[PDB]
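Contents: one structure, followed by commentary.
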Number of protein chains: 2
Amino acid sequence: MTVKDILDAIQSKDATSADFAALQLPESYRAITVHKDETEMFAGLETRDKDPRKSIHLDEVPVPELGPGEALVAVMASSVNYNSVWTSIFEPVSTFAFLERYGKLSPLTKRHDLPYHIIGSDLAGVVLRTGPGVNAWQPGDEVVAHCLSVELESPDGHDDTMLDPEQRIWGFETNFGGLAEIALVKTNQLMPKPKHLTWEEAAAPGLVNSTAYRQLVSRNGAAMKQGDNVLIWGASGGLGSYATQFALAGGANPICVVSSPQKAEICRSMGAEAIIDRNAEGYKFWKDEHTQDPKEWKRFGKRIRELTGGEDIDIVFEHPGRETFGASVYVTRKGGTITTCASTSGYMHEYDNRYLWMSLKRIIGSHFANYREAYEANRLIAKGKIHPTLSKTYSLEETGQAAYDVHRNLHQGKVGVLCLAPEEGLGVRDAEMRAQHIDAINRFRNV
Amino acid sequence: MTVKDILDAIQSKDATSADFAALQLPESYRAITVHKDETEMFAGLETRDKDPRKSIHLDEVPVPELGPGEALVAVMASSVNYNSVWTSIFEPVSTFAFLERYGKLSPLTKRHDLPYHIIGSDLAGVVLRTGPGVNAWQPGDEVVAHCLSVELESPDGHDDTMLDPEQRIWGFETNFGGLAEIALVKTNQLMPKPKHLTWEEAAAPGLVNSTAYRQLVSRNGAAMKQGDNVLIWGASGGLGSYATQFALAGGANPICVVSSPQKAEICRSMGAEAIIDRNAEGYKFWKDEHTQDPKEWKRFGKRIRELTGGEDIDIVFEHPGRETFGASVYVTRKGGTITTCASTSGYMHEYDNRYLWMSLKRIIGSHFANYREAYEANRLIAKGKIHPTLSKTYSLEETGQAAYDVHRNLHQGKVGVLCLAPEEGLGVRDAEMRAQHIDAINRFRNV
């Protein structure tokens, strides 16, 4: 309840880093959790019938012991991600399974094995304390976080951090996540908060924006250049949305795939011009559960070439998986690249390798981002080149609903959660720049 | 005749380039053809039972009219490739199909549209004539050809020749192929003949060797480095046999896959140590027609890790396709590369994308080689770092038998064919360099 003083300092204009170091830490703080004893509570239910509102709690939890390379952070806002939702419906298996294995290494990792699991993989807020060996970050710094958690003990990840052998995700494979008033992070997660954004907007892009950055823009991904034709599946929502922004900002031409006229319009408001509606076109890429339709590939490809004016796809931004993959490979230009980071419709991909090898195409696997790529992504927001796609904000004590919202896919844009922030709209330091980009910032509201 | 007179000049030491240039081209030369009026002779018979002995003809054919950027060459020796076999059994469709579509375009492509198709995609011999616009090659030059045929009119291949939209394969989608006394080639197919090799030894690596170089060694493929663990399917045969040589020569560790211990012995005589017999260890990656077995993948990986001392595969040399692909993707190291150029077992690939995206792996399709890559491949042979894999040499008039040999798959080493050469063993100029590598050159003899 001395949490109020902590908020007062953040809200205070003249509060110094000394003041922040002087703030007493609360004995407990409010946190969204799932409980270890409740992991089997959806037994006998199909996934869709599982209600996150039944599993999610709002607990007074004690502040974790702070270790080396770590920071405690007063969280003003977080977001609900797909992985948070999975955690809440305990699928494929409870997150406690790993937390229990992991917690057996050292006393530091044991901290994470608790009867409750604090979730959330995004964060906008301010540093409260730092641990041994931390010098880059001081108490009072306004920050956002990425969710890659790595000890970098193995050599593997020192020429690209994603290749670390025990790479984990903060709030998912970690306790003390961001859907709470206070969080515990590795400082190698902390990034500067863009000054022209609200807490909730700052927390919004995180995991989804960086994934798109590595996958499409970085040299570990498609290494996109201006002029490239980029096929973007699910262009109007989550992942596809940020990919569309990167395609546009970096001078490429995005071909946007959607399910409805409403979603086509969302794409257009981003500045996308070439749009395909799978539904209105009625693509049936799969003739049945075991055989694909090369005639549907050819028709999809015909439609693309019409919009480009004779030209095939340089880069496919993939993530639906099985349903689309055959077509994705097919429509790609000779020498082109298929870039994948998920398989939402099924992970068993089938494609015709003749179109891959004979056309000199490549398939590249991407996943989240390393600290540089995540910084660079966050930087592009701070420069006002990429914009957050926040759609709706819930309060902390409505996080169950917030998860239900994402679970039932009710919105294309991001679903935000205020943690310490008492209301929406707070945390802007650069009014001049917000006013200059506000229209783009507010593109995804309520949609 | 007039042809014997050409052979006389070739077999001479004296003969100047001035002599060659004054030599008379014959009215007709001997050549291996298939007939346009005999394409439906495979009837309803199954693939295995199709016999190239009954379809391959030895015809007396007129010399084609020479065009710009082209050369006529007296062919001393050639070789039987897979594409030659497919042609002679008319699968998946006749080659007279494309050739008729091709000849309608230019009056010089009309040359390639004849009642007969002179086949063959490998070549060692000596330049007879060059057409307008060619200076780099003179009558009398000892040459070996690569089989890429590109007009390069489009901008697409000017940063990598393979990306040409109208890339054709010489002898396959072209007439006047290698298996004849004279061949017609583009001059951008010509390379210097390795002086320490017999005519037939020089012709053996061509197609198969350049393919393996681009796929594994070059920047367009795996870009292999010393210390890498390379999984090489079909390691004792054609393609794998050169892949295995490149892996060793470049200081990588080849993990060779074979189906018999006889084949294992070939891989050891190449200096490879880590060997898996798929047949003796009874790997069954497909539980049935539609479903794979991840336990078998896993078991295969454990055997790999057993041979490498704990390490997964850096680079996979794929070409079998559907049967082995799923396993390839599994067993590749985090951040590693799967490299593919065929799908002999079937082109409809199925793999688990979770293993691709989450481990940051990549599938790079490759196909043949560009002029630079073909030259570099042939140069590594010239420098005696890579050796021909000759198994048996047939005469011109025994080609049908050699074709039958390759289709039945009775030999591991490349099958050679004498064309103009009266006997095996002619063409050596550096006997001293031959002396140094002779055992290595002969590793595949009668194997």
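Counting neighbours? That spans all protein chains shown, and the Cβs are built from the backbone with ideal geometry, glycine included. Read-outs: derived from the displayed coordinates by stated rules, not from any lab.
How many of the residues making up region A:192-215 are within 15 Å of the chain's Cα centre (by Cα) and not β-branched (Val, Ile, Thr)?
Final tally of qualifying residues: 14.
Residue by residue through region A:69-85, note down the ones that are under 14 Å from the mean Cα position of the chain (by Cα) and of a type outside the set (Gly, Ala, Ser).
Going residue by residue through region A:69-85, those that are under 14 Å from the mean Cα position of the chain (by Cα) are A:78-85.
Within region A:69-85, A:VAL80, A:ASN81, A:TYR82, A:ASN83, A:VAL85 qualify.
Does B:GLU398 qualify as being out of contact with any helix residue (DSSP H, G or I) (no Cβ under 8 Å at 6 or more places or on another chain) and more than 30 Å from A:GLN292 (Cα to Cα)? Spell out the reasoning first.
Details: out of contact with any helix residue (DSSP H, G or I) (no Cβ under 8 Å at 6 or more places or on another chain): yes; more than 30 Å from A:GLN292 (Cα to Cα): yes.
It is true that B:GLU398 is out of contact with any helix residue (DSSP H, G or I) (no Cβ under 8 Å at 6 or more places or on another chain) and more than 30 Å from A:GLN292 (Cα to Cα).
Any idea how many residues of region B:154-167 are surrounded by fewer than 20 Cβ atoms within 10 Å (Cβ to Cβ) and either in contact (Cβ under 8 Å) with a residue 12 or more places away in the chain or not in a loop (DSSP other than H, G, I, E, B) (or both)?
Keep residues of region B:154-167 that are surrounded by fewer than 20 Cβ atoms within 10 Å (Cβ to Cβ), which gives B:154-156, B:158-160, B:165-166.
With the extra rule that they be either in contact (Cβ under 8 Å) with a residue 12 or more places away in the chain or not in a loop (DSSP other than H, G, I, E, B) (or both), the set shrinks to B:154-156, B:160, B:166.
Selection size over region B:154-167: 5.
Can you tell me which residue in region A:365-377 is farthest from A:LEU216 (Cα to Cα), limited to those that are away from chain B (no Cβ under 14 Å) and among the aliphatic types (A, V, I, L, M)? Lay out the reasoning, then the answer.
Taking region A:365-377 first, the residues away from chain B (no Cβ under 14 Å) are A:371-372, A:374-377.
Still in the running and among the aliphatic types (A, V, I, L, M): A:374, A:377.
Numbers: A:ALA374: 13, A:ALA377: 11 Å.
Among them, the one singled out is A:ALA374.
Go through region A:123-153 and give me each residue that's surrounded by fewer than 22 Cβ atoms within 10 Å (Cβ to Cβ) and among the hydrophobic types (A, V, I, L, M, F, W, C).
Step one: list which residues in region A:123-153 are surrounded by fewer than 22 Cβ atoms within 10 Å (Cβ to Cβ), which gives A:129, A:131-138, A:140-142, A:149-153.
Once the filter is applied, which keeps residues that are surrounded by fewer than 22 Cβ atoms within 10 Å (Cβ to Cβ) and among the hydrophobic types (A, V, I, L, M, F, W, C), region A:123-153 yields A:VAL134, A:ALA136, A:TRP137, A:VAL150, A:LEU152.
Against the definition (closer than 23 Å to A:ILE266 by Cβ, away from chain B (no Cβ under 14 Å) and touching a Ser or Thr at 6+ places or on another chain (Cβ under 9 Å)), how does A:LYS414 come out, yes or no?
On the way: closer than 23 Å to A:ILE266 by Cβ: yes; away from chain B (no Cβ under 14 Å): yes; touching a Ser or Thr at 6+ places or on another chain (Cβ under 9 Å): yes.
Taking the combined requirement at face value, the residue satisfies it.
Which condition number in (1) more than 9 Å from chain A (Cβ to nearest Cβ); (2) in contact (Cβ under 8 Å) with a residue 12 or more places away in the chain is the one that B:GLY310 fails?
(2)
Considering only residues that are more than 28 Å from the chain's Cα centre (by Cα) and charged (D, E, K, R), which ones fall in region A:346-360?
A:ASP352, A:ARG354
Specify the residue that is surrounded by the most Cβ atoms within 10 Å (Cβ to Cβ); the eligible residues are those in region B:92-122 that are in contact with a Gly (Cβ under 6 Å, 6 or more places away or on another chain) and touching a residue at least 12 places away in the same chain (Cβ under 8 Å). Reasoning before the result, please.
In the first step, residues of region B:92-122 are kept if they are in contact with a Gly (Cβ under 6 Å, 6 or more places away or on another chain); the result is B:108-110, B:112-113, B:118-122.
Then drop every residue that is not touching a residue at least 12 places away in the same chain (Cβ under 8 Å), which leaves B:108, B:112-113, B:118-122.
On the way: B:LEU108: 15, B:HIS112: 21, B:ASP113: 17, B:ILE118: 26, B:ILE119: 30, B:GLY120: 30, B:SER121: 28, B:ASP122: 33.
Checked region B:92-122; the qualifying residue surrounded by the most Cβ atoms within 10 Å (Cβ to Cβ) is B:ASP122.
Identify, by number, the condition in (1) among the charged types (D, E, K, R); (2) in contact (Cβ under 8 Å) with a residue 40 or more places away in the chain; (3) more than 12 Å from chain A (Cβ to nearest Cβ) that B:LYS383 doesn't meet.
Status for B:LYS383: all satisfied but (2).
For region B:308-332, enumerate the residues that are farther than 22 Å from A:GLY335 by Cβ and in a strand (DSSP E or B).
B:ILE313, B:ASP314, B:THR332
Taking the condition of being on the phi < 0 side of the Ramachandran plot and part of a loop (DSSP other than H, G, I, E, B), how many residues in region B:216-272 meet it?
Step one: list which residues in region B:216-272 are on the phi < 0 side of the Ramachandran plot, which gives B:216-222, B:224-226, B:228-233, B:235-237, B:239-250, B:252-270, B:272.
Now restrict to residues that are part of a loop (DSSP other than H, G, I, E, B): B:218-222, B:224-226, B:228, B:233, B:235-237, B:250, B:252, B:259-260, B:270, B:272.
Summing the residues that are on the phi < 0 side of the Ramachandran plot and part of a loop (DSSP other than H, G, I, E, B) in region B:216-272 gives 19.
Against the definition (small (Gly, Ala, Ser) and either surrounded by fewer than 20 Cβ atoms within 10 Å (Cβ to Cβ) or more than 27 Å from A:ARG129 (Cβ to Cβ) (or both)), how does A:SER88 come out, yes or no?
In short, yes.
Would you please name the residue that is nearest to the other protein chains (Cβ to nearest Cβ), looking only at residues in region A:335-359 that are hydrophobic (A, V, I, L, M, F, W, C), buried (at least 23 other Cβ atoms within 10 Å of the Cβ) and under 14 Å from A:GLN215 (Cβ atoms)?
In the first step, residues of region A:335-359 are kept if they are hydrophobic (A, V, I, L, M, F, W, C); the result is A:338, A:341-342, A:348, A:356-358.
If we keep only those that are buried (at least 23 other Cβ atoms within 10 Å of the Cβ) too, we end up with A:338, A:341, A:356-357.
Filter again for under 14 Å from A:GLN215 (Cβ atoms), leaving A:338, A:341.
Working: A:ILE338: 9, A:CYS341: 5 Å.
Per the stated criteria, the residue is A:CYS341.
Take the conditions facing chain A (nearest Cβ under 9 Å) and under 19 Å from A:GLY365 (Cβ atoms) and apply them to B:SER328. Does it pass? Break it down stepwise before answering.
Details: facing chain A (nearest Cβ under 9 Å): no; under 19 Å from A:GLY365 (Cβ atoms): yes.
Answer is no for this residue.
Table: residues versus (1) touching a residue at least 12 places away in the same chain (Cβ under 8 Å); (2) in contact with a helix residue (DSSP H, G or I) (Cβ under 7 Å, 6 or more places away or on another chain); (3) more than 14 Å from chain A (Cβ to nearest Cβ).
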position	(1), (2), (3)
B:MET270	yes, yes, yes
B:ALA274	yes, yes, yes
B:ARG303	yes, no, yes
B:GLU318	yes, yes, no
B:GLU323	yes, no, no
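How many residues are among the small types (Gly, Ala, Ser) and in contact (Cβ under 8 Å) with a residue 12 or more places away in the chain when one looks only at region B:1-50? Break it down into steps so the answer makes sense when it comes.
First, the residues of region B:1-50 that are among the small types (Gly, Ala, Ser): B:9, B:12, B:15, B:17-18, B:21-22, B:28, B:31, B:43-44.
Pick out the ones that are also in contact (Cβ under 8 Å) with a residue 12 or more places away in the chain and you get B:9, B:15, B:17, B:21, B:28, B:31.
The number of residues fulfilling the criteria is 6.
Quick check, is A:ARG362 without any contact (Cβ under 8 Å) to a residue 40 or more places away in the chain and either at the interface with chain B (Cβ under 10 Å from one of its Cβ atoms) or charged (D, E, K, R) (or both)?
Numbers: without any contact (Cβ under 8 Å) to a residue 40 or more places away in the chain: yes; either at the interface with chain B (Cβ under 10 Å from one of its Cβ atoms) or charged (D, E, K, R) (or both): yes.
Yes.
Please work out if A:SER328 is of a type in the set (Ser, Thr, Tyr), in contact (Cβ under 8 Å) with a residue 40 or more places away in the chain and closer than 29 Å to B:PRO165 by Cβ. Outline the logic, then answer.
Details: of a type in the set (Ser, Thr, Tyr): yes; in contact (Cβ under 8 Å) with a residue 40 or more places away in the chain: yes; closer than 29 Å to B:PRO165 by Cβ: yes.
Yes, satisfied.
In region A:402-417, is there at least one residue being buried (at least 22 other Cβ atoms within 10 Å of the Cβ) and hydroxyl-bearing (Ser, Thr, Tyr)?
No; the residues of region A:402-417 include none that is buried (at least 22 other Cβ atoms within 10 Å of the Cβ) and hydroxyl-bearing (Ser, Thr, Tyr).
If you take the residues of region A:113-166 that are of a type in the set (S, T, N, Q) and over 23 Å from the mean Cα position of the chain (by Cα), which of them is nearest to the other protein chains (Cβ to nearest Cβ)?
Initial filter on region A:113-166 (of a type in the set (S, T, N, Q)): A:121, A:130, A:135, A:138, A:149, A:154, A:161.
The next check asks that each one be over 23 Å from the mean Cα position of the chain (by Cα); those that pass are A:130, A:135, A:138, A:154.
On the way: A:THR130: 30, A:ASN135: 30, A:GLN138: 34, A:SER154: 10 Å.
Ranking the candidates gives A:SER154 first.
Out of the residues in region B:167-198 that are basic (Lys, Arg) and more than 14 Å from chain A (Cβ to nearest Cβ), state the one that is nearest to B:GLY131 (Cα to Cα).
Quick first cut of region B:167-198, residues basic (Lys, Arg) only: B:168, B:186, B:193, B:195.
From what's left, more than 14 Å from chain A (Cβ to nearest Cβ): B:186, B:193, B:195.
Numbers: B:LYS186: 10, B:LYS193: 21, B:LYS195: 26 Å.
Across region B:167-198, the extreme among qualifying residues is B:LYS186.
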